[PDB]
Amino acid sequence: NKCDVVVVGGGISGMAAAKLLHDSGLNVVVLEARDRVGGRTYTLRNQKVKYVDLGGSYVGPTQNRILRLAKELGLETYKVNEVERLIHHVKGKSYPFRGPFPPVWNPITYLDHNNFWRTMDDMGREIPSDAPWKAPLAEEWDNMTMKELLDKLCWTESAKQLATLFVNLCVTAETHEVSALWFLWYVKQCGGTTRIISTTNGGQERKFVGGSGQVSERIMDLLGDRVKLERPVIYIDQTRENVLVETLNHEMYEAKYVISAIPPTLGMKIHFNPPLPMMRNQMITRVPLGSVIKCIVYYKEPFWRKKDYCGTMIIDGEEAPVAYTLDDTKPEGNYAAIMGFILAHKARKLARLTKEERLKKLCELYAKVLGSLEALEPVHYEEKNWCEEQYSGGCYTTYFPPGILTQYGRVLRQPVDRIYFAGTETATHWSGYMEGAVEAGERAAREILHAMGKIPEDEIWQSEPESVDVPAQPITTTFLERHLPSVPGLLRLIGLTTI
């Protein structure tokens, strides 16, 4: 079975790579482990839900590559409901609000909160998107956990608790599990704190009509029989003139080049000849994925809207199974639903329960948070625990524990002879997202076009025109946000005055 390029993995990244190469007139094969394409995207269809995303779902302004690819495939977006009030639930009580950040009134707490978000972005600006290990304090920042950074930075428990939730929710891991440098990089390369946490004008603004799984499905339709399902790759041999790729089901593929479009650690499932170089050999043992269960509770009507709640709940407490929800009602206003994430250690703990037991705990939580008995009357439930997936390893993405990004980060997308590396983890803008998957797949594909002498080197990395359908409002700060003192800043001001 001979071709120009074998693509290992049929997620968005591998499918985007294969489509680009196909369009450029090369012969490509996609080898996919599962009986389906889409990977960490999966759209379930049945009569009770019509369609529902159980994996990656949201897209927003500045994610121009996924929007362009989706639009070319004939897909459309709609806006996630944020008409009514958001809810912050903390210490057993709900506080409705507007705007992206839960507000605080206590003046000291206000300064601490303001300084926390500001400092995340300040540190971010020191970190190159394409080379985080080149930050001036890369080593110092990489040698501490996010827990350690929050302990230093947050002078109030209020700010520390919200910051903790921010980390758990954005990277499906505990603050003590992840590198501070890596987390700060991750946020900055999404455009900063406001962009990453926002619905309106941020990452959660929109979803695809009919589900995100259609992106991979529609590319498979374009590629025809070039996509091979239930072909897990077990062996890559680069000792001869052409690369040999072998699958579990006893097939051999021969190619000039290979794109690895799988999560970095899942490279461990492949035996390499010759052995990988030392730094990659070790890197792929050091980069786990996070832990999450995505849960959707269906209701007769979006009853929360009648109480002037949009369906967004930011829920702080150890007893709460879910820390974040969004309205998942269809744009037509039917199949009323609340989507919630069970995160990090809670995914581990609550996976021990039955599906029926998890549904009951979510409804009881939502009833309390929304002050609504109607939340106790679900009509349907769907969920997906991504921790159990052999060919994902977790969700949403790969996290770096302390010390790893500075020692091993440079080899993430370094070619190994005729193997090139795609997958969202290798992106420099919205790495961890569907957007980053498209950036990495197309970049890897063009690395091979360059190696073949079909394009000049300056065309490997390509800028993306802004979407005309999803324009990006700039991120702005106020004078007060920029110049109000931190808590230690204020204490320094007090000590000075009184002298």
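Throughout, we count residues from 1 along the sequence that is shown.
- In this crystal structure, the stretch out of 243 to 251 and 335 to 343 whose C-alpha atoms carry the higher mean B factor is 243 to 251.
- Mean C-alpha B-factor is higher over 99 to 107 than over the other stretch, the pair under comparison being 99 to 107 and 359 to 367.
- Comparing the C-alpha B-factors of 383, 425, 76, 82 in the entry, the top value falls on 76.
- When the C-alpha B-factors of 449, 438, 31, 52 are ranked from the entry, the top spot goes to 449.
- When the CA B factors of the chain's modelled residues are split into thirds, the value for residue 305 lands in the middle one.
- Sort the modelled residues of the chain by CA B factor and residue 12 lands in the lowest third.
- Residue-level temperature factors show residue 313 in the lowest third of its chain, judged at the C-alpha atom.
- Among the modelled residues of the chain, residue 277 sits in the middle third by CA temperature factor in this PDB entry.
- Sort the chain's modelled residues by C-alpha temperature factor and residue 461 lands in the highest third, per the entry.
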